[PDB]
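K.L.:
Quick one: structure below, then a few questions.
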Amino acid sequence: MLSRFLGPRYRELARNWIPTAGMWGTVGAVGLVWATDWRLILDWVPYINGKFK
Amino acid sequence: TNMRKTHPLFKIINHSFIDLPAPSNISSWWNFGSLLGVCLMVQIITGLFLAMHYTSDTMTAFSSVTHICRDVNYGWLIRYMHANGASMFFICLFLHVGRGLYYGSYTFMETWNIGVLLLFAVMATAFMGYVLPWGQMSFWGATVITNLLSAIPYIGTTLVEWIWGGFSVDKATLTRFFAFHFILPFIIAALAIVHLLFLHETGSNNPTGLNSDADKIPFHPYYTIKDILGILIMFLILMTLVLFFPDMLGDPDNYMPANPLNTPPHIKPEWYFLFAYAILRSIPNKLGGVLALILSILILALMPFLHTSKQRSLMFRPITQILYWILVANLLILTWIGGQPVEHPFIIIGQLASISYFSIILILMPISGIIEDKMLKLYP
Amino acid sequence: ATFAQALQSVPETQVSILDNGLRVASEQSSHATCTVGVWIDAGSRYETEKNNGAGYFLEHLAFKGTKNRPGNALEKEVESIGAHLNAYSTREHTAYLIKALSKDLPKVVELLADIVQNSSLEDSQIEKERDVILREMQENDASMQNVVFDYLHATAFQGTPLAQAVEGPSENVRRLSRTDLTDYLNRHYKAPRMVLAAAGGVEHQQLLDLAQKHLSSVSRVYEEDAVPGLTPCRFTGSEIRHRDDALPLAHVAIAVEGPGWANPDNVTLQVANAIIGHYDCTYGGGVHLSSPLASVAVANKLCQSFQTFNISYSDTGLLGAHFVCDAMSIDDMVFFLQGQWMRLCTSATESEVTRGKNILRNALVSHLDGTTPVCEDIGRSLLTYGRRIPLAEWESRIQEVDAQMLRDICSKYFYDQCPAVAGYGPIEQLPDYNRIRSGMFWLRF
Amino acid sequence: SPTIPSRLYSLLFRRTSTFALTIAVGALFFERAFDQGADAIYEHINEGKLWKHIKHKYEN
Amino acid sequence: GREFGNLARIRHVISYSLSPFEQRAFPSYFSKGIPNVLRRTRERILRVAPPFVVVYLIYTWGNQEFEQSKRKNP
Amino acid sequence: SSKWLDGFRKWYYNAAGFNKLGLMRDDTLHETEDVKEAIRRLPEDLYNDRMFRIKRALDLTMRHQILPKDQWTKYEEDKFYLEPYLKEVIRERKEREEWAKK
Ligand code: HEM
Ligand code: HEM
């Protein structure tokens with residue numbers, strides 16, 4: 001990111017890739033919460049919290 | 001018709017060790033990585049002959065080590081050969097890394113990254129192997145290193161309990177450390193094969209940093225007999241170290257059995273960890289010290305992005321040569337400080353050495369390369 | 001003098017309808033030469049696999065004599081005035097056109113009238129162009145692009161009247177006779193499926209008077225009282241591969257289903273093709289071509305040529321690419337081509353959208369240079385859209401295309417679709433259908 | 001009004017990122033519901049034999 | 001892949017070598033070694049040695065300061 | 001202080017050490033993509049001279065020797081032959097990069 005990414009085409013490419021990156025970060029967040037079985041997120045759910053997990 | 005270029009098992013040996021084109025001018029430092037492989041092989045062999053009598057239970061670990069050294073035929077030779085071979089392995093590893101830094105060999109980025117992964121693996125292997133004889137300093141160094149690894153907030157305590165298998169270092173920790181110390185060198189060997197493959201994709205580097213395609217020789221018999229001579233020399237230092245002075249690089253306090261009630265007045269790991277331990281004593285913060293350790297290993301992987309010169313090697317860059325030898329001098333200073341008591345004046349000396357270390361690797365070397373480019377009428 | 005009033009200064013196409021239903025359209029220009037043609041909405045899609053080569057064999061017989069000018073005599077009066085006579089037939093259109101001077105307009109209207117009305121057919125001529133079309137098909141078997149496009153139409157429109165070619169199989173041209181040709185003429189040569197187009201130095205009043213004098217009687221009654229319809233064709237995701245390793249080069253065409261003639265999104269798809277472009281080995285540009293596919297193909301020496309296409313039919317069509325290359329490159333070329341398609345579905349920026357818009361503007365205006373492409377545009381536009389679209393309307397339709405709707409239309413038509421693949425030559429490294437089907441979507445997106 | 005697999009594909013399965021998102025969401029819903037059903041079935045096979053069926057005469 | 005025969009394009013270069021059985025293994029060893037060892041030492045000693053000299057100085061200073069710290073303060 | 005800088009430049013050129021191997025300054029450049037394109041555009045006589053100089057330097061480094069002092073590359077005869085080709089390559093690459101920005 002020295003000088004060649006300082007351009008409008010690259011900014012509009014990054015703006016195009018914001019929702020895909022955000023959806024993949026959401027996928028990683030939900031997968032991390034489900035896999036590590038975090039209590040601090042799964043206590044505010046309607047259905048999963050009955051097992052306390 | 002010949003089996004060297006046709007047989008698929010012998011084809012890889014032919015294109016990796018026999019007919020591999022190599023630069024004609026690489027010095028003796030290019031021996032060292034090959035030496036490392038032999039060292040690894042030697043360690044594995046001696047490790048196997050240590051695994052045939054070692055019992056990994058806390059009541060019968062030190063006693064099994066004494067049974068190796070006292071009753072097994074030449075078991076003292078095998079054990080002290082294993083320990084001094086680990087030390088000579090880190091000697092070869094440090095010189096291999098320093099040669100890669102001096103001659104600009106980090107431009108092979110994938111080879112460098114596989115190397116720093118190998119460095120992390122062999123450091124973990126050495127730490128767990130030193131835990132294995134269950135001496136006083138083995139148990140106390142294990143306890144110190146893991147309970148400072150517990151410094152990550154909200155994750156650290158669960159992680160160190162799951163690493164320990166309990167509340168502290170105990171029989172479960174010793175058994176799992178024996179299993180992990182057994183399993184790691186084979187992963188190291190596979191990563192070394194990947195290391196050699198990534199090197200042989202692009203060829204090797206000469207000390208002048210130029211293109212060596214104008215003058216290249218076959219690997220056999222030249223570097224074959226050069227590596228044989230290097231192996232003989234490495235065996236001379238290794239057998240001198242094991243057969244005359246088996247304890248200049250060891251610790252006497254590891255010859256006592258492990259006592260959880262008694263803590264030693266001074267706790268230190270081996271010398272190849274000691275400089276990092278000095279950085280671990282440099283910052284008076286737990287998490288900051290842990291990140292200081294991790295970045296003190298990882299800025300070597302960061303250095304391929306710190307090249308700001310148009311000349312590769314340091315053979316024609318004398319200011320960066322001086323600054324590099326100042327860096328090696330600082331590493332010797334940190335190695336000395338790491339085995340010292342936590343008392344004045346070693347605190348300010350260790351802090352100055354850590355500041356100089358990170359300043360030289362991060363800040364001063366690209367500036368030196370930039371001004372060398374300016375003085376050679378290259379930089380604008 | 002900007003582009004908008006330059007496109008507004010194009011003369012308006014004048015369209016009138018006769019009492020039988022025949023369309024008559026004209027484009028007055030300043031040229032001393034004219035192009036007059038007759039377009040009939042009758043092709044291989046309008047055949048029921050018992051007269052599958054009727055249009056080709058009829059256009060072979062069309063210039064061989066009439067009931068008023070038997071033999072070669074009409075040929076004399078089209079070659080003593082310098083006029084050039086041409087005809088062609090696609091899968092859904094037929095055209096008979098004469099280019100001549102402006103002075104010979106009544107004569108060329110008279111020849112175009114009586115060729116499509118009173119064409120004389122005799123059995124000696126039936127067998128003569130029977131063997132002639134057999135030799136023509138034997139010649140056309142060696143053109144690999146025609147073979148590949150016929151394969152693509154065969155495998156993309158399976159079981160439908162769009163799969164059968166214009167020529168038809170050899171058994172039909174060995175078994176078609178006079179009665180089926182007469183039935184085809186009585187069923188398809190009617191006024192509501194006929195456009196008389198003129199371009200050049202032609203006034204609409206004189207052309208209308210000659211069309212009223214000559215083309216007044218065309219027998220537009222449904223004699224059999226059976227409605228000829230146009231059912232939709234079912235697109236089939238499939239593949240046909242013709243392995244023959246003695247051929248020096250391999251032709252591969254990959255295409256998905258097009259939207260049709262009357263869909264406006266075709267315009268956007270044209271811009272998409274203008275982003276991908278085309279390349280041939282004799283191109284003078286080199287590495288610095290704007291299209292990334294052509295640049296990587298000339299950098300890696302992959303393909304002999306590639307070209308994109310958007311063939312359109314009623315409600316349907318074929319939107320894809322065709323490349324000829326050696327065997328050893330084939331899979332690599334496929335990969336790069338697929339990536340370009342997915343780039344237009346995901347990462348189309350405004351710079352290449354503007355470049356494709358300018359390319360489409362230049363190609364779509366400079367294609368209509370001359371009386372013949374203008375006359376072809378008039379005939380095909382009156383047959384397909386029902387009207388002649390003005391060029392400023394094309395400019396206004398190109399102008400609204402930006403990158404967001406281009407990637408929307410590309411994700412509609414290219415992303416996660418089942419394509420049709422036709423291969424011919426050394427096509428071993430051309431992969432299975434499963435790898436090409438997996439290449440139509442990105443896991444990263 | 002299309003079929004429910006048509007709108008399910010067009011809203012959930014067309015993009016790979018939301019495909020993986022619904023795989024994760026359905027995975028956590030499925031693990032909760034499947035553990036409920038499996039412990040219900042294993043409870044239904046074994047009346048009077050498990051410890052949780054008899055921990056009231058002795059717990060006090 | 002990167003074997004001999006296609007490494008680089010070299011034109012008009014002549015190379016001469018002898019058999020190892022015609023030449024000595026150690027031809028004029030010290031008479032050409034000690035001047036070269038002294039020459040290499042001359043080119044590199046001013047860039048190698050002074051960091052290790054100042055390390056030795058800091059090491060001796062730290063040792064004597066530690067011994068003075070352990071000493072009594074009357 | 002121009003002559004101080006110039007004499008310091010001569011001292012740094014003699015202290016770099018590549019003149020003792022017969023090398024020019026342009027031989028010592030690291031062969032990146034731009035530098036490799038600069039070698040690719042060279043005339044064949046300059047290419048052959050450069051390749052012989054690299055071969056001679058590698059042969060000298062193999063035996064740990066240097067040239068005699070009269071055969072050292074002097075500062076005044078050190079020709080910067082690769083500078084216009086490298087300049088053109090950098091200009092073309094920056095033009096391509098600035099076109100790819102917009
Ligand atoms: C898979 C191969 C290996 C096996 C089976 C193995 C096995 C052992 C055993 C049983 C011990 C304890 C006996 C003793 O007191 O020395 C030990 C110690 C040790 N090992 Fe290994 N080892 C292996 C590879 C390595 C490697 C590659 C290293 C270097 C990183 C290493 C470094 C050490 C060290 C430093 C000790 C402590 C020496 C001591 O305190 O006596 N080992 N190893
Ligand atoms: C596990 C210990 C290691 C082994 C067994 C090992 C093995 C080897 C071998 C066999 C070679 C080829 C021979 C040679 O060039 O000397 C080599 C080269 C190389 N290694 Fe390692 N290596 C190790 C550690 C490392 C580390 C930690 C690094 C990163 C700093 C590294 C970076 C390199 C580089 C850059 C080269 C190529 C340089 C050149 O050939 O000129 N290696 N290594």
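Just so we're on the same page: first chain in the structure tokens is A, next is B, and so on; residues restart at 1 for each chain, and ligands are numbered from 1 in the order they show up.
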Report as a list in words the set of chain F residues whose atoms approach chain E to within 8 Å, with distances computed over only C-alpha atoms.

P.N.:
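Using only C-alpha atoms, chain F residues at most 8 Å from chain E: residues 48, 51, 52, 64 and 65 of chain F.
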
K.L.:
Identify, counting only C-alpha atoms and all ligand atoms, the protein, DNA and RNA residues located within 7 Å of ligand 1, and give them as JSON, numbers by chain.

P.N.:
{"B": [40, 43, 44, 47, 48, 50, 51, 54, 65, 79, 80, 82, 83, 86, 89, 122, 123, 125, 126, 127, 129, 130, 132, 133, 181, 182, 183, 184, 185, 186]}

K.L.:
When the cut-off is 6 Å and you count only C-alpha atoms and all ligand atoms, which residues lie near ligand 2, shown as a list in words?

P.N.:
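Sorted by chain and then by number, the residues are residues 30, 31, 32, 33, 34, 36, 37, 93, 97, 100, 105, 106, 111, 112, 115, 116, 118, 119, 192, 196, 204 and 205 of chain B.
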
K.L.:
As a PyMOL selection string, please: the residues near region 44-49 of chain A (cut-off 9 Å, only C-alpha atoms, same-chain neighbours under 5 positions excluded).

P.N.:
(chain A and resi 39) or (chain D and resi 28-29+32-33)

K.L.:
Name the residues in contact with residue 376 (chain C) at a cut-off of 10 Å, using only C-alpha atoms, excluding same-chain residues fewer than 2 positions from it; report them as a PDB file with C-alpha atoms, in the first residue's frame.

P.N.:
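What landed in part_8.pdb:
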```pdb
ATOM      1  CA  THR C  35     -30.001  -1.798 -51.825  1.00  0.00           C
ATOM      2  CA  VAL C  36     -33.486  -3.336 -51.941  1.00  0.00           C
ATOM      3  CA  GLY C  37     -34.248  -6.572 -50.127  1.00  0.00           C
ATOM      4  CA  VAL C  38     -37.106  -8.833 -49.103  1.00  0.00           C
ATOM      5  CA  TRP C  39     -37.038 -10.327 -45.601  1.00  0.00           C
ATOM      6  CA  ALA C  95     -33.278 -12.472 -47.109  1.00  0.00           C
ATOM      7  CA  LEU C  97     -31.499  -8.648 -51.758  1.00  0.00           C
ATOM      8  CA  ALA C 197     -36.651  -2.790 -47.213  1.00  0.00           C
ATOM      9  CA  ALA C 198     -34.824  -0.199 -49.295  1.00  0.00           C
ATOM     10  CA  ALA C 199     -31.752   1.865 -48.478  1.00  0.00           C
ATOM     11  CA  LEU C 368     -24.225   0.775 -40.437  1.00  0.00           C
ATOM     12  CA  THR C 371     -26.638   0.734 -48.034  1.00  0.00           C
ATOM     13  CA  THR C 372     -26.394  -3.032 -47.458  1.00  0.00           C
ATOM     14  CA  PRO C 373     -25.990  -3.059 -43.623  1.00  0.00           C
ATOM     15  CA  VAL C 374     -28.601  -0.301 -43.312  1.00  0.00           C
ATOM     16  CA  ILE C 378     -34.163  -2.266 -41.433  1.00  0.00           C
ATOM     17  CA  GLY C 379     -35.343  -5.732 -42.475  1.00  0.00           C
ATOM     18  CA  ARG C 380     -34.166  -7.491 -39.317  1.00  0.00           C
ATOM     19  CA  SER C 381     -35.484  -4.702 -37.070  1.00  0.00           C
ATOM     20  CA  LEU C 382     -38.938  -4.723 -38.659  1.00  0.00           C
TER      21      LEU C 382
END
```

K.L.:
Do you have the CA of residue 280 (chain C)-CA of residue 305 (chain C) distance handy?

P.N.:
4.3 Å
